[PDB]
Amino acid sequence: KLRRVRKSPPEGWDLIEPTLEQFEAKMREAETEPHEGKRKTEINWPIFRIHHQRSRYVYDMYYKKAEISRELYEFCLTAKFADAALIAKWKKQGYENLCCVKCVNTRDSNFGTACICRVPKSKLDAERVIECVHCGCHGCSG
RNA sequence: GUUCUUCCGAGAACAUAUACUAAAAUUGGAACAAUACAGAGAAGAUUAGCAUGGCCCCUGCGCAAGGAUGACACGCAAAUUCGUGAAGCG
Ligand SMILES: [Mg+2]
Ligand SMILES: [Mg+2]
Ligand SMILES: [Mg+2]
Ligand SMILES: [Mg+2]
Ligand SMILES: [Zn+2]
Ligand SMILES: [Zn+2]
Ligand SMILES: [Zn+2]
Numbered sequence: 006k007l008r009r010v011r012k013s014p015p016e017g018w019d020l021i022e023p024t025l026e027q028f029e030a031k032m033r034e035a036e037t038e039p040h041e042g043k044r045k046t047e048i049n050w051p052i053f054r055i056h057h058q059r060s061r062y063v064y065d066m067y068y069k070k071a072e073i074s075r076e077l078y079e080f081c082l083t084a085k086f087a088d089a090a091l092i093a094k095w096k097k098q099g100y101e102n103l104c105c106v107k108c109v110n111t112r113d114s115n116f117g118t119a120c121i122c123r124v125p126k127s128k129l130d131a132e133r134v135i136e137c138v139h140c141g142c143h144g145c146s147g
């Protein structure tokens, strides 16, 4: 990754490097863990889950905590440490807990609806438990 | 879950219906390798090649071409119907 961004990490990369380096360890384990004893839908879920976490950590450091400068935050977007297109959603009102961009692509669904996990729980038959097939998200709206 | 309201623990807006839903459990359907036998179209033999037909395939990208002429075919073929005189009887 860092080879492919040419400039050096700008300012306080040491604050985020040990955490990002742990997400890398997580992601490689998720790639190589056996697909046996798991649903054909389940095995992809940790990938989307870890990719959500890592993007969320970079995002929270810059926006909520302000512990990294914009140049270091934008560096993480440039170095593909965080998905700019997922962070682009968490800025939108009503999307601030979105699990993955695949769940808001309405075009890919049979009827042109969003994913069911995007329905607010108060609008469900709220005893109902959800695990959406795209990522196992139980509900990510309200 | 977030941006706001305040009399204050509630209210407005944003957000709005994934998935042949199984890690399964059941249930049909093709060709395989070879002991011994007798062995591959045309009025004697060696026998071309190309056609023809249907509820028969295979190889091939194929309206090309190969697969024994790819194999088969291989006869009670009656399918619109009679007409005659002798000789027994009774
Ligand atoms: Mg011949
Ligand atoms: Mg031929
Ligand atoms: Mg031949
Ligand atoms: Mg023939
Ligand atoms: Zn999702
Ligand atoms: Zn979903
Ligand atoms: Zn979701």
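Heads up: take any position in the first sequence, counting from 1, add 5, and you land on the deposited numbering. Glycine residues also receive a C-beta, built at the ideal position from the N, C-alpha and C atoms.
| Check | Outcome |
| --- | --- |
| Counting only runs that start and end within the region 17-80, where is the alpha helix (DSSP H) found for 4 or more residues in a row? | 18-37, 50-64 |
| Under the criterion of a Cβ to heavy atom distance below 7 angstroms, does residue 81 qualify as lining ligand 5? | no |
| So residue 19 and residue 60 are in contact, right, with Cβ under 8 angstroms, and what is the actual spacing, rounded? | Between residue 60 and residue 19 the Cβ distance is about 20 angstroms, and since that is not below 8 angstroms, they are no contact. |
| If you draw a straight line from the C-alpha of residue 119 to the C-alpha of residue 137, how long is it? | 11 angstroms |
| Could you check which residue in 102, 105, 82, 28 has the C-alpha nearest to that of residue 10? | 82 |
| Any contact of the region 131-146 with the region 47-65, i.e. 3+ C-beta pairs under 8 angstroms? | yes |
| Under three-state DSSP, which class holds residue 124? | coil |
| Does the structure place the region 91-111 close enough to the region 23-31 that three or more beta carbon pairs sit under 8 angstroms? | no |
| What three-state label does DSSP hand residue 109 in the structure shown? | coil |
| For residue 11, name the three-state secondary structure that DSSP assigns. | coil |
| Measuring CA to CA, which of 126, 134, 131 is closest to residue 147? | 126 |
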